[PDB]
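Observations on the model geometry
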Amino acid sequence: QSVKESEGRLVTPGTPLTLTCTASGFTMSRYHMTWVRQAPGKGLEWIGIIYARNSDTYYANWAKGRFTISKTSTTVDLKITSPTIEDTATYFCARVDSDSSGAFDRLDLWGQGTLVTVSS
Amino acid sequence: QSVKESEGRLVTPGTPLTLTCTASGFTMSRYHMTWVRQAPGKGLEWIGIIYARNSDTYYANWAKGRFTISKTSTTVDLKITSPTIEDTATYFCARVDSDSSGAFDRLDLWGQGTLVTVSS
Amino acid sequence: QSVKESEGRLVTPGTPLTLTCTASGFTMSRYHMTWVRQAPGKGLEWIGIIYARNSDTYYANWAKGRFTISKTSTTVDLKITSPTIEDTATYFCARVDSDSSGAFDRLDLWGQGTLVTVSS
Amino acid sequence: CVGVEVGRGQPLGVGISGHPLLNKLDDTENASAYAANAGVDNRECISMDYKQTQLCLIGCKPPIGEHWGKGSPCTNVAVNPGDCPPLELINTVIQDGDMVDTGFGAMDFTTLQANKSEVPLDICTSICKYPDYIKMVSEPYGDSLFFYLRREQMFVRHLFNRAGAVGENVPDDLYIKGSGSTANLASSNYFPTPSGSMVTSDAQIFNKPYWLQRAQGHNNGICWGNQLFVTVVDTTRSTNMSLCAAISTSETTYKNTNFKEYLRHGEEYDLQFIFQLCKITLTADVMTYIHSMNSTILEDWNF
Amino acid sequence: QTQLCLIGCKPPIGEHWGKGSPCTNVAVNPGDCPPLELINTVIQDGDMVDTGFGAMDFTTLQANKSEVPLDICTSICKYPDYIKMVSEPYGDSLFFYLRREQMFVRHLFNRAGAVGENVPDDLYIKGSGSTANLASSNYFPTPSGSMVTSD
Amino acid sequence: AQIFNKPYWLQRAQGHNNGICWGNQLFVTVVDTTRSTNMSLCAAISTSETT
Amino acid sequence: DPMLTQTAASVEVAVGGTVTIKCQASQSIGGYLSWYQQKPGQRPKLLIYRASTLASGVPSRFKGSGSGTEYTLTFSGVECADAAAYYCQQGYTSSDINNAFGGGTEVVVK
Amino acid sequence: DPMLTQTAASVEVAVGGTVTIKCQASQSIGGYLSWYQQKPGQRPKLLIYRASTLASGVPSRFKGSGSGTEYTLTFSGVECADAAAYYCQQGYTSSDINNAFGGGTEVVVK
């Protein structure tokens, strides 16, 4: 049920960055996982998706070459290769509750979300 | 048969806390596990439950958002996220001996139990 | 999709050397991997190949006794045993997109490539 | 006509077919754990065999078949895009090159299935029609068929369920509402993979002469207008010969990219009849009757 | 499982598929599909009955040498055409014959070779990711005889 | 391949007794296993639950 | 690319009013659509999916309708804890899109 | 050993010209052949494989032909970002060969 994250860091631009995401009750090889990014003002921006047994991925149009989503049977995580200044925002990990056919982007049980920021 | 625990710690409020639980003879992928908490005065309070094959969890009503139970084939454990002052008490790990249908909350073979306390 | 490498090193002749290669989206037990080396001037030189479930290898004619390609389900890598002076060049890791019969040497999705050099 | 025969000479051999991306999801005979969720495009590669069927029909007119097919939905209801199309029986004339049914139902898959992914290849864009024995024997002349024979058999081999959206929901009074890992239900629809049994050689309906003395129509086997049709369906002699060809003949080690692969099929027939001469005397008592049968019969004679 | 018996004054005549001489409209490539032609011949002692794989040559038509088992890998499975033998003007090729045979599928497999003719892409919908590449479009069954009996 | 639901008129029994009931009794035995499906019922203690 | 715009800043509403938030889509998405409430201090929280089926632990005083390309979300009897942020979101899981499913706000209720 | 030589330095071409790069092979390789563009600052990048089928995200103004032992690669309408390095490459995956699939260059277009 509950979705857990890794604690945030104040980093420098040009350094790789990770956030792991572990779950409490369900197993992750059954359901799907996705990441969203909450920027100040409005900002609420979806990153990508990863599926359960097919283990395929689909990113955003602007997000190719910029994020790599890794998944084991115990933990899912996402990666950042080259940070740009304006990604100081809030990230979230959530479970895709779907049905026998959809895999549609309902994120039913969210994560608590931590703060990641970059500074130079 | 015998149920083993990790040794207790005197901690500060605001720090995550773990207790592993290992078994001697039986394998844990067959049976179920749960956790109870023995407070002074009366106190004897049950935390949650886990099942051997489905691996589903069910917590108490007041205990949601406050405990996450992890299980591998070798070791079960439970976790605490944000401790409050009044959880200085005694915890126990025990095996649910059940039948082909019940999974009822008989805890037949208990653990020896260690002392965990928080202080500020 | 994206293909990742390990960061380069300035080494001395007579020391073993490794480069790991991890992938982003696809799994590596399905497809094949190989390695090419980009020298200055023209230079563009292919090293070897490794297959998916057969897990066989075939090297170049001059490259026997000089490279050993290792592969797990999570990471592929290649190894150097005894470096000679003139291998200061650029290495690349790429996925063999093939069909039900070919395993022909199309390298569709390349890696970004890092700089490795030796000096005495 | 008096007696016919339909000869074959290829050996009795089974066929095979199947799709590279066939719309399966999971397996449903025994689930040790609950079914995993389905992403996008979870189809796989399955093959099967078709049901064994034989057939022979002889008539002075072409034989009339049937199949299901889409019609026009009622005007009053709002046509939502993605709703269930109408279903209506359709009577056509069979032709050489039309597929027979395969135990998957007799329906035009083109208009009724937009997936193109639920049947194997050779019936994926064509229709499959079962012959109408009811309408043909109720033709009150009997010109569609003189006599007919058929044998068929099938049995279930595997039991799948299809990936795809629930087009009609399951009611919440049939089942007790689940919880936990099974709060969301699995796919309700299934489909079986058919298979024919062993083919043998007592149950052949070919290479035998068939003398006819009567027929259930009034037309006692008379080829009106000098014409005759014969229908033959046979899936028992259906071997699929697999061949190859080599690129180079000089290399000394087996490499996969040196041989291309093709499939070819052979089928052959021959027909032998007997006809008996028949005269008709002509009177205006008779001529009105043949004028009501067919227009072109009396016109081709210059009488 | 197959049994037969033939009695005749001339030797019996067989049939099998075989490669002929193609038209030279297109130049033959290394790896083009060869043409087919029905060939008649005389049966000799040592040739093989058809075993559920088609009466075809397995030297010229199958250069891979690894698609059938060993017994027919070089020999040619022939099948006796009753059509040409009954239609002889004198009937000396045979004058008495009996046959029974049976077969059914046991397993289903793929051919691990180059796809010579791809499927036209209006017959499916292109996928992505793992299924962006098509699997092999060639299957073949493994036949198996049924129960042998004494009746 | 059934046996029952059809009468059996006997013309001559195999033994010396051609169907005579001494003592005014006769014994009929039968063993059937083609009709041995066991029905499987179940009964709830409380239907009030949601899950 | 299916796009839901939501260029609509919410109007001041009193206790017991009714609000019609309208989320329009360019391409047809079917019924696959979600809605969320975002309180500005914590994690987001979902109300309804597939435009008709509400989630657990949520009162039945929220409504769901709309089919095809345009959809809505109405409710009545606004409490004190309804000061949050709202978002409509599709589920067409395509590849070449850059959705972010954005738009939507809610004033502090008087 | 199948060898593709490519002993051909490219000729100066203007905007809109047509270039015929010819890659000849000693042994017959079938249709299994690839082509690549190498910009001199980054990773190499494919255009066409099996001499007829182009890859994704590449305009259809590049051409592919050739069968047997010799093959070609033509295009027209040369842009400004076509200053790169070209390479033909076979796929006969043999053991005793030392291919490197070398040869090929492109001038800076005027």
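Here is what the cut-offs are and how they apply
- Residues numbered from 1 in each chain as written, not as in the entry; some residues may be left out.
- Chains lettered and ligands numbered in written order.
- Part of a larger assembly, values for the part shown.
- Heavy atoms only, no water.
- Salt bridge = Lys/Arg side-chain N within 4 Å of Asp/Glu carboxyl O.
- Helix = DSSP H or I, 4+ residues; strand = E, 2+ residues; numbered from the N terminus.
- Buried < 20%, exposed > 50% of the residue type's maximum accessible area, 1.4 Å probe, protein only.
- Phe/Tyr/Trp six-rings, centres within 6.5 Å; stacked < 30°, edge-to-face > 60°.
- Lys NZ or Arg CZ within 6 Å of the ring centre and 35° of its normal.
- Contact = heavy atoms within 4.5 Å.
- Buried area = accessible area lost by both parts, 1.4 Å probe.

As recorded in the PDB header, cryo-EM is the method behind this entry, and the stated resolution is 3.43 Å.

It is worth spelling out the pattern of salt bridges at this point. A side chain with one charge can pair with a side chain of the opposite charge if their charged atoms come near. If you walk through the whole model with that rule in mind, you get 31 salt bridges over all chains. Between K51 of chain D and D101 of chain D there is a salt bridge, with its nearest N and O atoms 3.4 Å apart. Here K51 of chain D is found in the loop between β4 (44–48) and β5 (52–59), whereas its partner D101 of chain D is found in the loop between β7 (90–93) and α1 (109–112), with 50 residues between them in sequence. The pair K51 of chain D / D101 of chain D is uniform in exposure class, with both members buried. Salt bridges sharing partners connect three or more residues here, namely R95, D97, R106 and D108 of chain A.

In this description, an aromatic ring pair is defined by two values, namely the gap between the centres and the angle between the planes. Applying the stated rule across the entire model yields 30 aromatic pairs over all chains. Between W62 of chain A and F67 of chain A the ring centres are 6.2 Å apart and the planes differ by 75°, which places this aromatic pair in the edge-to-face class. Judged by relative accessible area, which is 28%, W62 of chain A ranks as partly exposed. Measuring from ring centre to ring centre gives 6.1 Å for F160 of chain D and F191 of chain D, while their planes differ by 40°; the resulting arrangement is tilted. Within this pair, whereas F160 of chain D is found in strand β10 (residues 155–161), its partner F191 of chain D is found in strand β11 (residues 190–195), the two being separated by 31 residues in sequence. Overall, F160 of chain D belongs to the buried group, its relative accessible area being 10%. Ring pairs connect the aromatic residues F92 and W110 of chain A together with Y36 of chain G, which therefore count as one cluster. The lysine or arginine in question, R8 of chain D, covers the ring of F206 of chain D, its NZ or CZ lying 5.9 Å from the ring centre.

Here we come to the interface of chain E and chain D. Opposite the 49 residues of chain E that make contact, chain D presents 48 residues. Of the roughly 4,700 Å² buried where chain E meets chain D, counting both sides, 60% is carbon and sulfur surface. One can count one salt bridge joining chain E with chain D. Across the pair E117 of chain E and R264 of chain D runs a salt bridge, and its minimum N-O distance is 2.7 Å.

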